[PDB]
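Here the structure is laid out as structure tokens; the discussion comes afterwards.
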């Protein structure tokens, strides 16, 4: 059971920028507004995780950067201890996912940039998975099509920097694709 | 010795058509004039030779046919027991020399035709030898040139059936001659 | 190819990979004249060679009048025997879109497809591939077929070659088929390999849409010709490779 | 033969035996245009290959403007280093009348000529033999060379082949020398072998004054070209052979 | 003019290595290769390369076709002289090259465009980033400095991709008849006692591989990168068990000069790699490749699937944080 | 058109014999031959010749040139089935042929004008007025029935002059490099063990004549025409002591590679017969004549000398005679 040091009120909560030691081994340097945990502050766990940002409605809400203990991090908007709003995630392989988040999962419009490859998955994410109406933009081409269960299965077209595009259908196997319908730029 | 089963009309010597047998074995069937061998007569030798011809002034003179014992024969003009005038000689290889003779030798415009080969030498002969101003006609061409020491040595021309002549100069030997200046028919 | 002076028109021409041989050279030199004698053709040229799996095809294209009709196509397992091929239509051109395998090289071999079980002949797919090639990547130099007021445009005898200022220009080469003719404004705009083999004496245009087609042309002498020693596949990964 | 892309006319082509070879075709193909770069030549023709005794000569002739003229001649044992021959005249043609042997492969070979121990050169005999061949049996078809009003007698581009009525006869073949130029009026009037090797596609005129000279021509295209692969001896036994 | 410039640089040609002309004559009969005017220029290019480098044997590997200029390839072999917790994801076991002359770098491949131009030596290929990047398919523009791009970041400037394609062709299609290269390294059999040309046509098992197959790891020999264990067809195996689809055979066999039975050379054409030919008559052989350096697929080539996205940190007992202590816990800790 | 009627008879070509193709690539390297398509045309003409005649060993002899049409000659051998006094000056010893397959007619020479037209078999030449007529040189017309004539009476219609020129060329320009065709008859040496090419270049004592030599009497053996013998160089003698003009070497020996000493073929050439060539790359060999069927001398061709004129009979005692058996002796023979 840790003990708080700093300022405290006579009837209410601490109500000031103070550092509190959690009984499980965490250090929270932050403020408290309206008798609850509210405002900017830095939470720090015992394994190496961190969270520098705002606390609204007793949880992580507002602008904030979380540092996960596996090496990943996530900056941006937070809501009720879930990832929601505009956010940029940096994974262990420096994969930069910037875009919308909803309820601790990838949802809405997002841009997943591979660091070891160089490709940007720009499009819709449902329940933290790659979904349809998305484009894999590379340094040589860009594939506009539908993605199901982290794979391309629907009809899609590859647009190239040379000035031409080609349509095509993906088969039932993931590593199979039949191509036709080559035109110029629209 | 000799016997004569003919006729002796004149009181001096024999006269008329008579058949005399010579003491060595020759038989002469022919006429006589001026007490001597004259006119047409056939003189047959004992070795196989023959002569059917004219005897004028103690000798062979006029038209005659001599069958030589080696197989050859001669039909032509005789003079003083010598071949002189136009005559055709059939040699032992069926060669026909239809030319002029003078004193038992070829002399004049002879026409020595080869039978085993096919060539024809129309040219001047002295002493039974080839001389200049001669035409050697072959199956394909005719050589107008000179002849000395049984070989052509002078610069002569060659007339061909294709319609061209060439003026070649014969060297000191019959082998390795010179030839140039192929011309057109004049 | 061409009909006369078949030595400079190489089957290889330092291009297209494979080619013919001195087993198929003299037989083709007599066979083009035999096809020109049998069928009433104005000009006859060797089109190209399909690879196959058991034998080649040795495709020769016999040209009729007006130089624009669907001219005749001839295949041959052996170069002494030659047969006909029907003129291609649109339905046989769209029926081959479901099959993408290699050529077999057998006239009795049929390709099966489950749509009810259906089968298609190898020869109709072959003449459909040949019609697609001659309607897609068949090229001629500039001025090789001059415009006629009667509308025939058979052979331009004025054209002796292209000058040195327009050899590398891709837009100079027209097409043999109808869209005077259509120039090189194709859909990938990078599907041609223009190379200079021996100085400025021979330009080689290799087709990148159909791998195996070499079009040789001399700039000074009127000697142009295309030969397809490809396998007839229509690889749709062309801008993936460009 | 021809200026560029020499493989349109085969050097052998089943004509009078020997022609060119590997180790010699690409070497002369580079060397002709190298001479055209070095010397101010409009065209350059591979004149022929005189056999010699220990080495070949590989004679190449260089064309220029103002044709029907004494042209430049080059010989080379190895086809990398080349040397120019002096212009020939009638004095060396008179001087070679005493020799009737064949050429030595070693250049600048000495001759005895015992009559005086004066010696003649091999290069002047070579260029005199080339002048004697080129003025007599070097032939040109009807539509190749034409008389210009200015007098440059340049090569006409409108050749249009040669019809059937004048491919077998000798009335259509001109000469390089003048009497525009003299046609086939040779002195035995039978000194030319006229043959059809591969059908009506290649007419071949082989010389009989010199048994190594061969002239290829096509009745359709521009394949005219002469080449002397022989010895250069002037054998005067031609009516004896005819 | 560029014609005189390309003619004057060929003067060094007209001034150990396997006979190329004989092979060319056989390949020409086979119906592959180059015509007999440029395949002699590459022979003199190989002769110029042999006289400038200590080469034990210099073979004509073939000619890779290109966009602006082709890639004429040599295959040489030198005798003695040659040329709080942060960042928990490291490099995924970057594998270096095997050795100098043992693995996939057993033969140095010199590549030139024109034989008048000097040879450009290709660098030694590495398995982990160039050979395992065989899932791409790109053309060649004939520049060797164009820095071609694909879906993975290629560590090459068109020399490394050409070297990887040449290694794939020489490891998958360089074949020899049965009886050659007995037993790692291999030495030629003195007791070869010939072979029949007809037996090399009806029987595909008489063509051994004689070269090490490229593994999916990239190198030809496993080296235990963890301190898994994959191996394909080993050395000296026939081509009757090559991997491929069921309706297209792996290798086809035709006979050059078919009309004459007595003098016919077996020709091997690789279905997998267009432009690759092997010719045998009974005593000698030579492998060859020409055309685009590409592998044939039954369907059209599709780009590979992307790697799966990394999952985030799961909701466990460690990610759950205590919000605020109770009033009794903060008012009773000072007493108890 | 002539092309249609020559294609309709050349179509039968493409529809126990020599390896024409192998021996033609090396001849093309030497610079002699027909070409690329015409050589395969005459090779398929040889193939059409072998299955229509019982031939155990054919050989492409060559191509003797003509005026309007040429001659392609094949040298084949069959197994068992093949095709007042009188005139004192008699016939000058007419010598018949030796045999059908042993002497100068050991080889059967088939002749076609083009590969399309069928072959015409040349008859067995008589060595009395045709082979001994080597003192002529005539251009070949190209019809085989033109009835060519010369200075000697020729009993031929160009089908015998062609066979005589073939027997003249083949007897002197068919060479073997000292190793095989050992001991008349000759068979191939089993332990030939190869030979060096440059030793055949720098030395002329290697190429020996395996065929019999044509005597000045016309034959190859001796017939003894009286019921001393005329002989020349026997079998297997080198061409270093070949007959001819002493100022001109009888054989030109060149190495037609000049760059690669590794692989090259000795390229022999006859100076007596312009157009005869021969290659031997160390193990294989071939001879090949082409061009006009004629010989070469240091001077031009002269016609032969006329025979002696057979001088007439001399006038002796058998020609001359006495005058007359007159009266002065017949009047004394009565009393005697």
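Sort out which residues of the stretch A:141-161 are facing chain C (nearest Cβ under 8 Å) and out of contact with any helix residue (DSSP H, G or I) (no Cβ under 6 Å at 6 or more places or on another chain), and write them in order of number. Scanning the stretch A:141-161 gives A:141, A:158.
Which residues, taken from the stretch A:1-17, are under 30 Å from residue A:70 (Cβ atoms) and out of contact with any helix residue (DSSP H, G or I) (no Cβ under 9 Å at 6 or more places or on another chain)? Result: A:2, A:17.
Note on the stretch B:162-176: residues that are within 9 Å of chain D (Cβ to nearest Cβ) and not in a loop (DSSP other than H, G, I, E, B) amount to 4. Within the stretch E:134-150, being touching a helix residue (DSSP H, G or I) at 6+ places or on another chain (Cβ under 7 Å) and more than 13 Å from chain C (Cβ to nearest Cβ) holds for E:134, E:144.
A count restricted to the stretch A:13-43 and to residues that are facing chain E (nearest Cβ under 9 Å) and in a strand (DSSP E or B) stands at 6. Among the residues of the stretch D:133-181, count how many are under 24 Å from residue D:59 (Cβ atoms) and surrounded by 12 or more Cβ atoms within 10 Å (Cβ to Cβ). Total meeting the criteria: 20. Counting only strands (runs of 3 or more DSSP E) that sit completely within the stretch D:130-242, those holding 3 or more residues that are facing another protein chain (nearest Cβ under 10 Å) correspond to D:192-196. Taking the listed residues E:79, E:41, E:57, the one that is within 14 Å of chain C (Cβ to nearest Cβ) and either under 24 Å from the mean Cα position of the chain (by Cα) or buried (at least 17 other Cβ atoms within 10 Å of the Cβ) (or both) is E:41, with no other qualifying. Restricting attention to the stretch F:161-179, the residues being touching a strand residue (DSSP E or B) at 6+ places or on another chain (Cβ under 9 Å) and either within 21 Å of residue F:293 (Cα to Cα) or in a loop (DSSP other than H, G, I, E, B) (or both) number 13. Out of contact with any strand residue (DSSP E or B) (no Cβ under 8 Å at 6 or more places or on another chain) and crowded, with 20+ Cβ neighbours inside 10 Å - does that describe any residue in the stretch F:180-191? No, the stretch F:180-191 has no match at all. For residue C:110, indicate whether it is more than 20 Å from residue E:254 (Cβ to Cβ) and out of contact with any helix residue (DSSP H, G or I) (no Cβ under 6 Å at 6 or more places or on another chain). Judged against the criteria, residue C:110 is a match.
For residue F:72, the conditions (1) more than 14 Å from chain D (Cβ to nearest Cβ); (2) farther than 19 Å from residue F:284 by Cβ; (3) within 24 Å of the chain's Cα centre (by Cα) all hold with the exception of (1).
Of all residues in the stretch F:1-21, those being facing another protein chain (nearest Cβ under 7 Å), part of a helix (DSSP H, G or I) and within 25 Å of the chain's Cα centre (by Cα) number 1.
May I ask you to verify whether residue D:48 is under 23 Å from residue F:201 (Cβ atoms), surrounded by 24 or more Cβ atoms within 10 Å (Cβ to Cβ) and either more than 8 Å from chain F (Cβ to nearest Cβ) or out of contact with any helix residue (DSSP H, G or I) (no Cβ under 6 Å at 6 or more places or on another chain) (or both)? The answer is no for residue D:48.
The residue that is surrounded by the most Cβ atoms within 10 Å (Cβ to Cβ), among those in the stretch D:18-29 that are facing chain F (nearest Cβ under 7 Å) and within 16 Å of the chain's Cα centre (by Cα), is D:18.
Listed conditions (1) buried (at least 21 other Cβ atoms within 10 Å of the Cβ); (2) over 30 Å from residue F:13 (Cβ atoms) are all met by residue F:97, apart from (1).
Among the residues of the stretch A:94-105, which ones are at negative phi and within 13 Å of another protein chain (Cβ to nearest Cβ)? Matches in the stretch A:94-105: A:95, A:96, A:97, A:101, A:105.
The residue that is farthest from residue F:150 (Cα to Cα), counting only those in the stretch B:106-127 that are within 11 Å of chain F (Cβ to nearest Cβ) and surrounded by 18 or more Cβ atoms within 10 Å (Cβ to Cβ), is B:106.
Every number here is computed from the coordinates shown, using simple stated rules; none is lab data. Don't worry about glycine lacking a Cβ; one is built from the backbone with ideal geometry, like all the others, and counts go over all protein chains shown.
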